[PDB]
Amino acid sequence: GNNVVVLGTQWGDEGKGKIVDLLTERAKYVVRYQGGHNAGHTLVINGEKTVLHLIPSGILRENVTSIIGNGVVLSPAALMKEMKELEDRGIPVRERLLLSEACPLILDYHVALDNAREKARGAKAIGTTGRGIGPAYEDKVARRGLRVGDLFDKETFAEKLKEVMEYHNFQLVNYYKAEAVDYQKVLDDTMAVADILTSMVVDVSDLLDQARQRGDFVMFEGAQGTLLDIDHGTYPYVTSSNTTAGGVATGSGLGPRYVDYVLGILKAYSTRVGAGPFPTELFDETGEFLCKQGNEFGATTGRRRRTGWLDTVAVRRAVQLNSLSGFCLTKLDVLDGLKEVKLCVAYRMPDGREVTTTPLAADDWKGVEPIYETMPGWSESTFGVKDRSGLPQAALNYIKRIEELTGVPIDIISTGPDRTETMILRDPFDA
């Protein structure tokens, strides 16, 4: 399919940055359509590591045009910080990156508010990444936020910037008894970068309509994961954007009917960073082994990630929400050596019922229990394996089992961090 979507089927960090970089060798565009710099996408090329946050993952490929679509809440400070770092490394970001004039802007008061609210919640804090994501969306939705378009006229921008900060500053000093955010530092920092930021603007929806018609290959790069979806996630322990496939259109302007293939990034074991329900969570040698073996540490905040077994019930909700076409099994090399592995196949509900669909809101997951199928692990190494033949039967069986339980083929398998330690059984672009 020409229009390929690559998103996280779990709670983020499944390995989307790596697969996006891999698959784009044939792409004209890579588009980010939600989240902001809360995302941490690790790319490893010949052992050279790269972590992207706001810049899309096709930025290393000279042939790809990277696009930050309207759904992304854009932090000028973060954009600029990352642009400089990548430029120093011989990556001409300004030449490859384009951005939507409809993207809301994340500014410092957004971080003050995020922080503020996060303190206010006390023990019931969301565990947000401390970037100002939430607040920037609230503002968006509220129709008081600023967007890349507002920079088109500096005078009015200061006018508009002055009101909003005034507004947010009253709440911060008077309500959270917080320190105020300086209107003048924000105006200055921004104006320092406007012209560069402004030069990368393009009518993204019109560009994609044109790309669609030329039959160009387009790749949409998700951020976060299905269960963090503001609507369908474990509310309120979620992110503020729709991380599910439906956010592709709203977040870029491409008619929903132009989504040809939806690749679900599936990790092989589960992880979460932030608070929130997590049925298959492991608090023992084995989960400890998972974190350690998979080096599960937040690529954005550095926080240690919670690990658990693969939850096929949770995953089955992603299949339906995202109309998955196929899965990409990531980090199988991490399950290497375990005597046995297991899959959550159903949930024991606190009232006694055995169920196979997941609760919606966080509160409703409260006392849910997992029913697991236990399978043989494997001692042979699968690390770097580029062929299934190189995969031990137990691995193949596990693979087969995930397919059986979900009804979606696993079209790609990832056996390591490096771009090339992958098996493409079926390339989404082909069909």
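Don't overthink the numbering: it's just position in the shown sequence, from 1.
Peer 1: Decide which of the stretches 66 to 74 and 47 to 55 has the higher mean C-alpha B-factor, going by the entry.
Peer 2: Here the higher of the two C-alpha B-factor means belongs to 47 to 55.
Peer 1: Between 230 to 238 and 86 to 94, point out the one with the higher average CA B-factor as the PDB entry records it.
Peer 2: Stretch with the higher mean C-alpha B-factor: 86 to 94.
Peer 1: Reading the B-factor column of the entry, which of 173, 146, 313, 211 has the highest value at its C-alpha atom?
Peer 2: It is 173.
Peer 1: Reading the B-factor column of the entry, which of 361, 191, 318, 202 has the highest value at its C-alpha atom?
Peer 2: The C-alpha B-factor peaks, among 361, 191, 318, 202, at 191.
Peer 1: Sorting the chain's CA B-factors, does residue 8 end up in the lowest, middle or highest third?
Peer 2: According to the entry, residue 8 has a C-alpha B-factor in the chain's lowest third.
Peer 1: By the record's CA B-factor, is residue 41 among the lowest, middle or highest third of residues in the chain?
Peer 2: According to the entry, residue 41 has a C-alpha B-factor in the chain's highest third.
Peer 1: Ordered by C-alpha B-factor within the chain, which third holds residue 221? Give me lowest, middle or highest, please.
Peer 2: Its C-alpha B-factor belongs to the lowest third of this chain's values.
Peer 1: What third of the chain, by the recorded C-alpha B-factor, contains residue 33?
Peer 2: It falls in the bottom third of the chain.
Peer 1: What third of its chain, lowest, middle or highest, does the C-alpha temperature factor of residue 130 fall into?
Peer 2: Bottom third by C-alpha B-factor.
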